[PDB]
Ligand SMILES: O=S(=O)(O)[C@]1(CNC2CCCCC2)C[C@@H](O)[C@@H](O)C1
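Shown here is one chain on its own, the form deposited without this ligand, set out as C-alpha cells.
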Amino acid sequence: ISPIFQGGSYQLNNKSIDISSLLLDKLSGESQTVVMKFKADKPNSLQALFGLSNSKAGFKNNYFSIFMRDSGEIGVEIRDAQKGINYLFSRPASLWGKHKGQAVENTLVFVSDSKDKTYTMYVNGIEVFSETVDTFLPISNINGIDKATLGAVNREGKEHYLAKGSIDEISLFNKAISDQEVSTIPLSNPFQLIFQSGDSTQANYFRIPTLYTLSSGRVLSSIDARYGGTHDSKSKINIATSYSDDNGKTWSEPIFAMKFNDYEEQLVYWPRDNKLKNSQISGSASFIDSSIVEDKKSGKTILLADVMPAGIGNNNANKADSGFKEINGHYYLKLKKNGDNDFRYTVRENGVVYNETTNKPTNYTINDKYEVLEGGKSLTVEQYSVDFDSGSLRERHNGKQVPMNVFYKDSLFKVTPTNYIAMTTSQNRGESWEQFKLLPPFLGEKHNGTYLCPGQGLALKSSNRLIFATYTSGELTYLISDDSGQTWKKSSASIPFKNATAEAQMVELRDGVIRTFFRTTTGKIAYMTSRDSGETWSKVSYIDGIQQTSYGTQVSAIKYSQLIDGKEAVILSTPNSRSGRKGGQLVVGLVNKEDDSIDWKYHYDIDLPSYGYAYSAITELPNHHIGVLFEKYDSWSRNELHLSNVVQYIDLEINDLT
C-alpha cells in the first residue's frame, strides 16, 4: 500500500521540525510502519529522530520516539502515563555513521503491529529487535498526542533529545507491513554480510572473522559460528567458511570446517537481560579461534582452531595437563573411561584404545573423526538441544542419536578437560574440509596447550615454510612446518607479560624477515621481528600512535603488494581507543629500508570514533582492493552481548586510506 505521509531532505541542525499539520490527521488505526532514510555522522550523545507526543503541561511522559545514541544504538520509547505504559526497546551497535569519509544513509524500518502485539525494528536490512507485549500500545493511541516532530521530542513545549543529522526520506503507513514487504525496501548499505543469522550454519551469532586470499584468486573466510550467544567457550561453537570468486562481491553459502554434533545446531535468540544474559551452553564440545594459511607446494589450504571438550573453556581448562602421555618421544591422547577416577587409557597408532594400568589393548578403537568404535561397531550418544522455555536455560536430550565422540559429555571415553589445537585441510580451496586432527603438545607432557592466534598463518614467499602464531603465558609460540603441515616444530619467543591474551599476526617485510604485531595488556600494540624465517625472534617493542584498552583487542595485518609513496607498505587493522573497542582504523605504515622501522603515516577512520570495532580480518584482494571483515560492535562490553549480524564486510581502495 501507499504511504499516508511522505517527506524528505530534512536537515536536523539542533532544531526540531514540526510536521504535525502534515501527519497527525493522517494517522489511523492501531498498526503503523515508519520507513526512514537518515544520516548522522556527527550525532549528539542521545538524540531523537522522530517523535509523536502530547506536548501539554503534565503529560511529559506521553510520547513515542525513535532515538539513537552516539554509540550507534537505535531504539524506541512508547509511553502513556494514563495507561501506565513505559516501553523502551533498543539494540546497541545497529547504525553506520561514515564510510570512505562520507555520511552513510541508514535505512530504518519500524513496524508497530497491533494484531500480533509486536514491535519490530530493522536497520540496514537487519532486524535488531522484535518485541511482543501483553498490553499493546498503538503509537498514535497515546493520550493527548498533539505533535509530530523530526529531530526532537516535544515535551511540555520544549525540545528534548535534539538531533544533529538529516532525514533524506521518511514515509509512514497505516499498516504493519510484512517481513516480505520489508525485504523489498531498497537499501544503501556500505557493507555486506558473508555470515548471517538464518544461513546454513544456523548459528544466530558470529565472532572471530578471518580472511585469506588464495593463489587462484578465490578469497576465503573463516569464523566462529557461535550458537549460545556470543560467549567464548564454554558454549557450542563450530568453525564455518565461505569463499568469494569475484573479489568479495558475492560469497558462497557457508560450510563447516570444524563441527561437533553432541548438541543440535540451533538458531537461538539469546537473552540480553541482566538476569539471563550470562546463561551459557555448558555441556557442549566446541571450537574457537580459527586461522588460515595456503601451502604453495601441495596447493592445500590449512585451517587450525582451538578445540574444547564438553563444558570446557580457557577458564576451566586443565592448566597442568597437555592431555597427552609421552612414550619414547611420542605422544598419545589420554582417555578416561566411564567410572574410573583417573585416565587409564591412551589412543595408540591406528586409533587402538590401549589400557595403561595393565598395558593391555582393548576392543575399543577411535576412528579418524575421534568417534568411538567397539569391535568395529560405532557407538552413539543422544544429542542435546537447548531452550529457555522454563524461563532459564535447559539443556536436554532430543531423541536423536549421533556418533559417540571422545570430546562429548555423554561419551564412554573422554579426553582430558583442557584446550587442544586441531588442524584440517582442504584440497579444493574451501569447497570441503577434511576431518580434523589434533596437533601434538609442543611445550611438554605437563603443560596445557597454547592458544591459536586467530586470523592468518604465514606462508613465506621464498620457501615452503608455514607458520602459525600461538600464545601461552610468558611467550608467543610459533608453530613451524616445512612439509605442508605434516609435521610441526615450535619456536618460542619470550614476551614481558604473564597471562596475556597475546593474539599475534605476522607480515613478511621482505624475504625471511617477519614482523609480528600483537595484543598486550599495556594499552599499546607490540611487535617483534625475526630475520631467519621464524627461527629466532627480537625483543619486544611497542607502536606509538595507536591506543588500545588495557585488556587489548586482536590486531590484523598484511604486507601490501604495491609500493606507497615509493615505499614498501604494511596495513594494520585495529580499534584506536583507550576506552573501548570502537574507533576502528586501518593504519598504513611505510617501511624504512635502512632499518626496517615503520612510519605509521596514514590512519583511515573505518566509521565514527564512538562506533564499535573489535576483532578484524584484512586481506589484499586480487584486484589490489582491501577486504575487511570485522566485528562492528564492542565485543568486550557486557551491554553488547548477543547481537545478530554485526560481523560485516567492506571493500576499500588504497586511495580511500591515504
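Heads up: residue numbers just count along the shown sequence, starting at 1.
Stretches 549 to 557 and 356 to 364 differ in mean C-alpha B factor, with the higher average recorded for 356 to 364. As the entry records it, the average C-alpha temperature factor is higher for 441 to 449, out of 441 to 449 and 265 to 273.
Residues shown: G198, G75, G580, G339. Highest C-alpha temperature factor in the entry: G339. Highest CA B-factor among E594, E620, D607, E631, as stated in the entry: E594. Among the modelled residues of the chain, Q102 sits in the highest third by CA temperature factor in this PDB entry. Among the modelled residues of its chain, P92 has a C-alpha B-factor that falls in the lowest third, as given in the PDB entry. Ranked by Cα temperature factor within the chain, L49 sits in the middle third according to the deposited record. Among the modelled residues of its chain, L373 has a C-alpha B-factor that falls in the highest third according to the deposited record. When the modelled residues of the chain are ordered by C-alpha B-factor, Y478 sits in the middle third.
Keep in mind that the form solved in complex with this ligand is missing from the display, and what follows is about it.
None of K42, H624, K593, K26 but one reaches within 4.5 angstroms of this ligand in the deposited bound form through a heavy atom, and that residue is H624. Contact annotation: of the candidates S65, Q47, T619, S55, the single residue with a non-hydrogen atom within 4.5 angstroms of this ligand in the deposited bound form is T619. At a distance threshold of 4.5 angstroms between non-hydrogen atoms, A459 is in contact with this ligand in the deposited bound form. Although the partner is absent from this view, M528 stays clear of this ligand in the deposited bound form, with no non-hydrogen atom inside 4.5 angstroms. When this ligand is considered in the deposited bound form, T470 lies well away from it, no heavy atom lying within 4.5 Å. Proximity of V104 to this ligand in the deposited bound form falls outside the 4.5 Å heavy atom cutoff. Only one segment in the set 426 to 434, 459 to 467, 383 to 391, 333 to 341 has any non-hydrogen atom within 4.5 angstroms of this ligand in the deposited bound form, and it is 459 to 467. Along 177 to 215, a non-hydrogen atom within 4.5 Å of this ligand in the deposited bound form is carried by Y212, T213, in order along the sequence.
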